[PDB]
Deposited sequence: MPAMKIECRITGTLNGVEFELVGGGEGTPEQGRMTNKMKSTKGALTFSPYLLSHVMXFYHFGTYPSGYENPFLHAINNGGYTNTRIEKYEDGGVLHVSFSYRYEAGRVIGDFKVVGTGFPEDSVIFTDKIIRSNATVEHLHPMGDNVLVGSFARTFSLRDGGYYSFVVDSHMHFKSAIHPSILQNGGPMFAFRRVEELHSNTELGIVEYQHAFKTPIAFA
């Protein structure tokens, strides 16, 4: 298992937050872990908001295909920048940066969250989980993969809090020879163990062309 180091720094409605930690991931089973502690006391918002923020390297890819994020570690790497629009008007701008220190992945993530109303679900602890997603991935050129997924949280009362994410993965040294005759799909799910101060995920990622 590759060791994971992670730091997330950011602002939510102007309110600063930061957390640090890490874990382990193994690309072979498409599973990773990550546990991180806040460095600034209890979060002002639902810790579940950050599950999909707290490593695409650790996804399984179908038989004749190689995980292009896993592949890029050995050649220039890649960045990910996402724009996440939430149903109550909230918006997350998230940027993902990586450095690699011999069989260990280091994440430095920045998030900027704006426009969540005072009565937003994220300030209320009603989120009990996040649900699974299937991201649609396609290249726009040799160096860029464009992603799109909708995602939901289940609420304590039974309802849903939803968002939509548009991602731009900018690679340094050309993406793996798949590239390129249609999209790839990435199924993801998490197991979450959060307090307002200490967050934990188990994430599974499996890419496919056909289900």
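Walk along the deposited sequence from position 1 and note every stretch that has no C-alpha coordinates.
Those stretches are 1-2, 57, 184-185, 217-220, listed in order.
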